[PDB]
Visitor: 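Shown below is the structure under consideration.
Per chain, numbering begins at 1; letters A, B, ... match sequence-line order.
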Number of protein chains: 2
Amino acid sequence: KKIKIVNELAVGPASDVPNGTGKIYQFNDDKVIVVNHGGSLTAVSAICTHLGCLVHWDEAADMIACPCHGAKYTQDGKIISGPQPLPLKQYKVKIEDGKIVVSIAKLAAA
Amino acid sequence: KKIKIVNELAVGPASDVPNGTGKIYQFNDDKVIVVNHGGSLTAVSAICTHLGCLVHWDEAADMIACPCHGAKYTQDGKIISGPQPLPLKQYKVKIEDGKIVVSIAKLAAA
Ligand code: FES
Ligand code: FES
């Protein structure tokens, strides 16, 4: 009673993103930042929804920071502060065979 | 004894790029990073020559850094280290009427 289409990609070894760090990967047309912090491995779009620069993980401040107009986001992409209109799109992410597997789903009813 | 074609664009107010900072601008088909550091206002292509992520200025480290795979460049776009094949193409930049004017030339001899 629902159709959904999932894109799925093993982007790199789990050892790429050890604790306290974040790394940017290509996901087809988007760029995703995968973050490993506080026991939690998350994945969100790395492109600011304001005007489209790349973000990075700031471990000391426990935040994602955008270098262009000062946007600050949570590890999960939620808005902390800045001019950005939207949160960064949330991905799913898992470790499989020692690999970081990122995925996103788009739904549709039958 | 030389003819050249110059693209020129007043990209924003000079107040946009104070000392110790760098800013990204659309320059027709390229994107340029203008950096103000050490009394020197420079402008180079913002597109990393490895795989094309947008770069940013790192004032603390005195370098242009690409967030994807670690490319480092000097303020003038020269390669410091990383997987990139090429330096960032250099633009010329000056202040007029409190505005940042970026320009680049393509040659023709006669
Ligand atoms: S493009 Fe990220 S703050 Fe504007
Ligand atoms: S895109 Fe800059 S290091 Fe690869």
Side-chain angles (χ1 to χ4, degrees), chain A residues 6-82 84 86-105, chain B residues 20-22 24 33 35 46-74 79-84 88:
Chain A
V6 307
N7 280 102
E8 196 202 38
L9 287 176
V11 294
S15 60
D16 268 355
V17 188
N19 174 74
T21 75
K23 193 174 170 63
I24 299 178
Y25 297 93
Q26 189 78 51
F27 193 92
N28 291 344
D29 305 347
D30 207 12
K31 298 192 187 273
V32 178
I33 182 168
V34 181
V35 180
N36 190 3
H37 176 91
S40 184
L41 190 75
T42 50
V44 302
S45 167
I47 294 172
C48 196
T49 69
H50 185 225
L51 300 178
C53 310
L54 270 59
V55 306
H56 68 89
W57 173 244
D58 183 308
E59 167 64 22
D62 184 44
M63 327 189 278
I64 294 178
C66 178
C68 280
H69 303 105
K72 298 305 192 298
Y73 308 80
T74 71
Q75 172 182 13
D76 284 285
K78 310 279 192 33
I79 300 164
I80 301 184
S81 57
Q84 66 266 44
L86 289 180
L88 302 162
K89 190 186 291 184
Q90 288 203 228
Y91 285 69
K92 281 176 63 71
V93 62
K94 61 188 286 178
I95 310 305
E96 201 179 292
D97 284 328
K99 290 180 181 302
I100 287 167
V101 175
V102 183
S103 54
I104 184 77
Chain B
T21 72
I24 309 279
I33 176 160
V35 168
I47 313 290
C48 185
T49 69
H50 182 218
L51 288 188
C53 295
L54 200 62
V55 305
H56 63 85
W57 176 241
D58 183 320
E59 170 68 8
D62 185 36
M63 314 182 287
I64 296 174
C66 171
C68 298
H69 319 120
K72 304 304 209 271
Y73 310 85
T74 78
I79 297 179
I80 299 172
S81 59
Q84 71 268 43
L88 300 168

Visitor: Please check if the side chain of A:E96 supplies one atom and the backbone of A:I100 the other of a donor-acceptor pair under 3.5 Å.
Guide: no
Visitor: Does the pair A:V35 and A:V17 meet the rule for a side-chain contact (heavy atoms from CB on, under 4.5 Å), with working shown?
Guide: CA-CA 7 Å; A:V35 180; A:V17 188; 5.8 Å; no
Visitor: Might you point out which heavy atoms bring B:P67 and B:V55 nearest each other, and give the distance in Å?
Guide: CD-CA, 4.4 Å
Visitor: Kindly indicate, with the supporting measurements, whether the criterion side-chain contact (heavy atoms from CB on, under 4.5 Å) is fulfilled by A:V32 and A:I24.
Guide: CA-CA 6 Å; A:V32 178; A:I24 299 178; over 6 Å; no
Visitor: Provide the full list of side-chain hydrogen bond (donor to acceptor under 3.5 Å, both in side chains) pairs with a residue in residues 8-24 of chain A, sequence neighbours left out, each pair given once.
Guide: A:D16-A:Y25
Visitor: Please determine whether side-chain contact (heavy atoms from CB on, under 4.5 Å) holds for the pair A:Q75 and A:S40, giving the CA-CA distance in whole Å, both sets of side-chain angles, and the decisive distance to 0.1 Å.
Guide: CA-CA 9 Å; A:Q75 172 182 13; A:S40 184; 4.2 Å; yes
Visitor: Identify the heavy atoms of A:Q26 and A:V11 that sit nearest to each other, and give their distance.
Guide: O-CG1, 4.5 Å
Visitor: Please report the closest heavy-atom contact between B:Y73 and B:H50, naming both atoms and the distance.
Guide: OH-N, 4.4 Å
Visitor: Report yes if the side chains of B:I47 and B:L54 come closer than 4.5 Å at any heavy-atom pair, otherwise no.
Guide: yes
Visitor: Any salt bridge (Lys or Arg N to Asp or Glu O under 4.0 Å) involving residues 52-80 of chain A? Give me the pairs, sequence neighbours left out, ordered by first then second residue.
Guide: none
Visitor: Determine whether the interatomic SG-SG distance for B:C53 and B:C68 falls below 2.5 angstrom.
Guide: yes
Visitor: Is A:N28 atom CG crowded by more than 12 heavy atoms from other residues, nucleotides or ligands, each under 6.0 Å away?
Guide: yes
Visitor: Could you give me the CA-CA distance, side-chain angles and deciding distance for B:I64 and B:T74, then say whether side-chain contact (heavy atoms from CB on, under 4.5 Å) is met?
Guide: CA-CA 6 Å; B:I64 296 174; B:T74 78; over 6 Å; no
